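All chains are identified by letter, namely A, B, C, D, E and F, in their written order; residue positions are counted from 1 within each chain.
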Amino acid sequence: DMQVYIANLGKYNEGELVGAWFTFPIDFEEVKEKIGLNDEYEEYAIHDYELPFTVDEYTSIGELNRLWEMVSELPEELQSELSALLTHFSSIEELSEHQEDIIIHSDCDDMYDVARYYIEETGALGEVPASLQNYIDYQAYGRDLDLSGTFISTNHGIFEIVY
Amino acid sequence: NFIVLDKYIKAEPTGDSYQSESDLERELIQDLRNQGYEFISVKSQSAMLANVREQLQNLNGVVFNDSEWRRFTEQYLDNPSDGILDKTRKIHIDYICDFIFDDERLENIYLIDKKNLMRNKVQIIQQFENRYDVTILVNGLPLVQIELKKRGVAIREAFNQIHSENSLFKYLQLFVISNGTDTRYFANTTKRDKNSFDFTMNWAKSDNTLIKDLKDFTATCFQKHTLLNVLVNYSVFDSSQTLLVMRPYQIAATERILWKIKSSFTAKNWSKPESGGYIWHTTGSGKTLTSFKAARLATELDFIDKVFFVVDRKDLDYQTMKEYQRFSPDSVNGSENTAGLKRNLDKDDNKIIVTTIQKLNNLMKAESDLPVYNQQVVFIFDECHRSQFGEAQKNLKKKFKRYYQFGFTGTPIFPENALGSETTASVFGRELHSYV
Amino acid sequence: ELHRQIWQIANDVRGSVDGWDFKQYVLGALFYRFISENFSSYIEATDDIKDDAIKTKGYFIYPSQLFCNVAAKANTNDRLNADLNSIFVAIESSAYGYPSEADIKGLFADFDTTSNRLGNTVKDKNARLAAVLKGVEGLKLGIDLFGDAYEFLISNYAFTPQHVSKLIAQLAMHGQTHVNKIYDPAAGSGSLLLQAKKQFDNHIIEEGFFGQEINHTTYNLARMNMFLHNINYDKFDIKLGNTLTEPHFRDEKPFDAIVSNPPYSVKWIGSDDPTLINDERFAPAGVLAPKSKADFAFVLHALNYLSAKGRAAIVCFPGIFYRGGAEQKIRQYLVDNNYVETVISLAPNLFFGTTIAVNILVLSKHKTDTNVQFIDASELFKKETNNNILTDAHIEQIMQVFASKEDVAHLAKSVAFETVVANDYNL
Amino acid sequence: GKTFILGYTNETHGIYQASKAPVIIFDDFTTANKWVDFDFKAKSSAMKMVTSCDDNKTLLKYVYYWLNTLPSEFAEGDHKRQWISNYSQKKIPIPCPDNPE
Amino acid sequence: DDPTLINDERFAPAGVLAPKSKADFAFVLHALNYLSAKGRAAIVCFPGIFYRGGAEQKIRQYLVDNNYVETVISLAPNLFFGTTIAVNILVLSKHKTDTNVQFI
Amino acid sequence: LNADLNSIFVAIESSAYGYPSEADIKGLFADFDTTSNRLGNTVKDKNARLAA
């Protein structure tokens, strides 16, 4: 989980291929003793990674630990679905802005359940007469909430990006 | 055995001076009959259609009446509302149609026996209904157009000088254009000056040497197995939609690879360096394309179970995958880790598995004898042993046994940029095929 | 595990379109695997996990006398699995036609009409059928819990839940081991006739579970439905088509217990476009039903085919309410004798894709001699979604109410016949 | 709607219940139903909670009223919109700077 | 964008690009791509545009870089087939005064 | 096309009204007639369905 194959720019063609996997936190001198040096300093050749997100080929290791600390900052159900949540967003501090603004639904599993939750148990309208009990179009209600609300269908539930 | 042989056959003219487009064509036809082709005289349309229900009796070995033949001709063969593109799809993809008899049994009408190409019956015809043309017509369907020109028609103006009903000539796929001193050939793309001599191909000899004459060109490329493997085994119908024809040296090195598989598999050998081999196609290759073709031919080649085309990564894995979903249907990626990668080794029907070498190293440092271990598996590397040396290779010789160890490379042992890895000669055996 | 394999079906085979289209393919592969396992088990009565092409006609007539499906020598699913992932498609199209040749005797066939197919290209069809056959093949099915998967798969979201069917069966059954059972008019599924065998595994089958049904795909799935429950070949068949137009068997026979689930106000144009005024089943009514219903045709059809111990447990929407003088004289001819005996109303919803409260009519040619209604509005256990379920022994409470003519407060009771004719024939 | 569906177990469910005078906002998409959180109350599924930081000036039944001092922009629920800036930012006429005394 | 619509004629003026879901805002970027100053262009969008945060703010700011958008008009729910939401009519011409228009 | 029952032949609604459907000369605007050209399921259940 969350480990990188990063060495080295010396013998740029992935010659001097060393340094297998580095879980976080990752140090300059730790990897430097892992690899030696390439007679100078041209290292952390990002070429492979077990990460739940998208990383770049020249990201500095301090930025990597920064990203990891932002990952470890977030709750683990969100850490499981970072791939889905980052589709709406573009960065993690951006995600850390509205990290309070996520509605979690383990209880709701499709849009129908979202409609039934926000109508029935929320009580967004009050009266459910027995003459009117069946007669609440959860499908169209979910269509209209899908038009309005930013929704994300995931494995562990449905995540509503409300602002 | 092969298609492109190392020895080069003789070159002669059939002249009958090539300024006239009516005389040496006959000697060409007689040479094809010496190659075992069959000139028939159907200078018409309808009987040629009946030629199709002549051939398919031979082909699928089943019998039409007239009404089911009208159904097949109307609904699948000569749908009038379709152009050359979907018909080209019917050539290379939709070459089989289900059919229900009056006995109401479903049988798969083929068009080409892509298994036994020797079963496929061929015919040759010539001018009728314009210009003076030669048409190779296989299994009823017309495939290859041949037009001779004058000496005055230069090779640049082979296309640049010259360029329903009938709709049956829409099946024509290859524009093999000759002039008397040269012959070039290309797919169903007719752009004016871009698809001139630069984008078309001369035929070449075994390694590099191009061909100019005609009857030697006939004895090389118009052979039975040769022209069919052109039409089937090395045609890349990209879903642009664009048909692509491989370079002759690409096809030759591919034949070297697949014949090396054939020779080593019947010798029940594996894991030797000399059982391997490598290709110096550092440029002009479409190493993606040629690797894709060799890999897919390995997957259908059925000696084995898995084909691991592995690379190293610097936006290569996402790249070539994107190159191969262009080559639309099937490729399993090495996304995202060694978790579900084992599920990918469990999986087939999407046989080509492409990943980084480092994901493989994450599988090879540990994980203790995967169930695909003692199975016949082909490792198509890239950037061969001058660019791979370490834990991959040492735990490859340590752990894995029944590997067929090949690879394209732009990195053999050079004097220029050999800062990658160890030797290749006693590790991957001998060099196989190269190009300038 | 039961729900684990149910979960396997609820995920794995569900791909990659709406389930009503690939349903046929899934159930066909499932049924083919069943015949494979059954035929392989039968031919062992010595290690045919892999067969041998030694077919003896003097011996192969014995399944045609006995199971009436000689599958093949070596064309079963266990033997398909080796040639699975290979050219081509229509070997199953052949291996449908050959075991369905089988003209000796009483064919019960013309049957595996599913795969045609779509499909867009031939390799796509081949890969899809390979995926379906592998996914059916990649299951953990032991040997007797096989029809339960069919029970779940037919219970997709889209059908008469099992406790309601059980209630119909217990209404159909007390004090009775008497050939025959059963007849079904407008059977639909055999899911309600499933519990008939759970009753009749006890003593014995009596005659065939006779149904007739309209929709041809529903007909095929119903025939394989009652095929899958280890039910013998000989008796157990369904006729295709309407029962209002052409019921058969008319001659065979006055029946002893019958169940139903008629559709919702399906129309019929026959009054009187033929001489259905002068038939044998609508003539004691005196009038025919209008075009906006069909149910009383079923119930007169029902009491036509009925014995001294003949009882008729049928269901209704409340379109049997009073509905006018023709419907009065329907009701009157029913209360002319003790034809109808009890009615039972339930509470909404309890039914898929439906709203209303339903009604349960009990009919017999047997004395009471009055109408003793046996009706609740609750309970009617309405806690699990939605009025679900009438639980185990909650139904036995209702059957105990049904048992001997009880008069329980906040629950229905006997009425006088003079009261209900003093009433305007109501429920 | 109303401020009462019936009882629940208060033990080991993290229900807040303890300031004896907070308020709330019902609803998401309505923003009009106001209730003083009187005694010991749950956090049931739409109770976006409002109390004060400074508990020296506010006396929030003051501000419970001060919401409905403007029903013309605060207490109008029309569409499917959350109004975080609207109740969050500004303004309210306050007798500050007589603060707090 | 994965293709060169990352660097096309209309999303490079947008700066940030159309996301996976709210790509309705690409269409007005398309609509200004086919536009002249005199002739005016009427489009509609379902009312998920206030300015939709910083992911679309600069988009909105691009639309108020000049008066690329001229006027907006609101409507009433329903006045459609079962929405029941309004929409926002956006009328775009490069025929400026210049003043912001909220003539709804 | 619309008169009777029991004629020859079957096929009048998918493929072979080709001279209006293809109609290449000129300005053809293809997939123009993707509704009903020639096929076709039965003898004159089909073509008498057309008739009636």
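Couple of notes before you dig in:
Keep in mind that, in the parts below, a contact is a pair of C-beta atoms (placed from the backbone, for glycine too) under 8 Å apart; a residue touches a chain by one contact, two chains touch by 3 or more.
Looking at A-D alongside A-B, one finds more C-beta pairs in contact between the chains of A-B.
Of all chains displayed, A has the C-alpha centre closest to the centre of the whole protein C-alpha set.
Distance between chain centres (mean CA atoms), chain E to chain F: 46 Å. In this assembly, the C-alpha centroid of chain C lies 58 Å from the C-alpha centroid of chain E. One simple way to say how far apart two chains are is to compare their mean CA positions; for chain D and chain F this gives 70 Å.
Contact with two or more other chains is made by residues 85 of chain E. Shown for chain D are the residues in touch with two or more other chains, namely 80. The touching residues of chain C, counted against chain B in their complex, run 85, 87-90, 93-94, 97, 121-123, 125, 127, 130-131. Residue ranges of chain E in contact with chain A, taken from their complex: 19-22, 46, 48, 53, 55, 82-85.
Across the complex, chain A is touched by residues 312-315, 336-337, 356, 358-359, 361-362, 365, 383, 387, 389-390, 411, 417, 419-421 of chain B.
The touching residues of chain A, when paired with chain B in their complex, are 5, 11-15, 17, 20-21, 47-48, 50, 57. Considering their complex, residues 74-75, 79-81, 164 of chain B touch chain F.
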